[PDB]
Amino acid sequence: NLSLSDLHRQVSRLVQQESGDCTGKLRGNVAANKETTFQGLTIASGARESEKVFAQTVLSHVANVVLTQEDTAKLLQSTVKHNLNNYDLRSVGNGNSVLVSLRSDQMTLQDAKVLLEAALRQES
């Protein structure tokens, strides 16, 4: 996905082009941000729209996904390493949590890896 407004713009554009009866196809490419660093920014404070889409996309994929204490631990290191808490975790188990929301519109690729793997774990 992408931002609601751009998604609607891309879709309206295709409909205007007379492909309304056609089914939509969506594919995107993850890119690493080598321009700016992770600083817990929001759109209002400098986060790129694509950064917010990335972060929110990962967030969506881990909705209700159980995070073990090992997962939580890894995120915690990043939190320490960046001296900033980017997650709203809800205690659901002695050592398990659930991510309910983010604290910024940025997410490091390393953190996304941990989270997406928890999602795949629960899946399998």
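Each residue number is its position in the shown sequence, starting from 1.
Checked against the record, the higher mean CA B factor of 102 to 110 and 20 to 28 lies with 20 to 28. Averaged over Cα atoms, the B-factor as recorded in the entry is higher for 114 to 122 than for the other of 114 to 122 and 4 to 12. Between the residues 78, 45, 37, 86, the entry's highest C-alpha temperature factor is the one at 78.
Which of 94, 50, 56, 33 has the largest Cα B-factor in the deposited entry comes down to 94.
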